[PDB]
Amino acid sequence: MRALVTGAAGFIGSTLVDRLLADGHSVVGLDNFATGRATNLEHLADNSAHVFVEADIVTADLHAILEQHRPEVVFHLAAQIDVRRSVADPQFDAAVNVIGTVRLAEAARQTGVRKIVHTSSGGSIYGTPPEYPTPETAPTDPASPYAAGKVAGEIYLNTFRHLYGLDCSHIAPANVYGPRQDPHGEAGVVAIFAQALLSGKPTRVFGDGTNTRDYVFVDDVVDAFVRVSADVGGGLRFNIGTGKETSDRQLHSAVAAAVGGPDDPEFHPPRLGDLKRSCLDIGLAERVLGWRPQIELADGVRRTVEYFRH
């Protein structure tokens, strides 16, 4: 296929690019380096099947870009990804995550694109749900601007599906981790911990450390994107996770055991906008797509740490 990946310079995006190239596709990567890194893509300098476009989804001529490259599938991973930043500046988050997605859809529907694979946020869109693990049938109830924008993005793509037959599916991952996740942010706890613990720098958990997330390895998530790119699951969201809860404190212990050295995080005040629990029911992805996660947390943590050691 001819693929285009927005957010290609990012953690998941760069990993998806690699997988798509490995499967023999041609890939256009698109990014503005808001949070992405050139180092994530530098190994591709001499890869014959990849081309990079530096562009802001909010302001670039996406019509002209899509007209030139004519991708069959757009994997839409460009976004403002930090929940706390979305609280600090909800307008900016909405511009990137809602307006950006709208502009992309409007360009795609005019340029013969078959399908947009959206990245929603399985970990946050349900807010405090009726049950854990949470199925896609549960109502969305976002409690951060980030979560709200991801839902809105789903709704807009569904609308473009009705209007124009521009197909879409929503990949809704839980908490993604693994190599290339930026170690120097406030989001990406696994990378934050690994980097800090390897460097002997201080680490922290928030509140009482009991918050849970569902940690799913990047390679597994990438496989979900590939499967859903076909003519399957039009208009549908798929939760992509493990269906297992790990507390902040337990996560810290796992990373420290992998690094070696102390397991003694500081405790900081709770962060407004952060949910207490997150756990995804992944039955739908299993049946429809034949998707199952391969990498258990212990294995994933080892691989991640080992990646940061070098």
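Under this definition, the rigid core comprises the largest set of C-alpha atoms superposing within 1.5 Å between the forms. The first residue of the shown sequence is 1; numbering continues from there.
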Note to self: Once everything is fitted on the core, do the CA positions of 167-175 or those of 183-191 lie farther from the shown form in 5 other deposited structures of this protein?
What the structure shows: 183-191
Notebook entry, point to check: Is 201-209 or 235-243 the stretch whose C-alphas end up farther from this model in 5 other deposited structures of this protein after a rigid core fit?
Noted result: 201-209
Notebook entry, point to check: Mean C-alpha B factor from the entry: is it higher for 44-52 or for 270-278?
Noted result: 44-52
Check: Given the B-factors recorded for C-alpha atoms, which segment has the greater mean, 283-291 or 298-306?
Finding: 298-306
Next item on the list: Sort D214, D219, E136, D182 by C-alpha B-factor from the entry and give me just the highest.
Entry: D182
Next item on the list: Just grab whichever of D231, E106, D93, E186 has the top CA B-factor as deposited.
Entry: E186
Checklist line | Chain-wide C-alpha B factor ranking for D82, given as lowest, middle or highest third | finding: middle
Notebook entry, point to check: Where does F75 sit by CA temperature factor within its chain: lowest, middle or highest third?
Noted result: lowest
Check: What third of its chain's C-alpha B-factors does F238 belong to: lowest, middle or highest?
Finding: lowest
Check: Within this chain, which third does the Cα B-factor at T59 fall in: lowest, middle or highest?
Finding: lowest
Note to self: Quick check on the deposited entry: does the C-alpha B-factor of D208 sit in the lowest, middle or highest third of its chain?
What the structure shows: highest
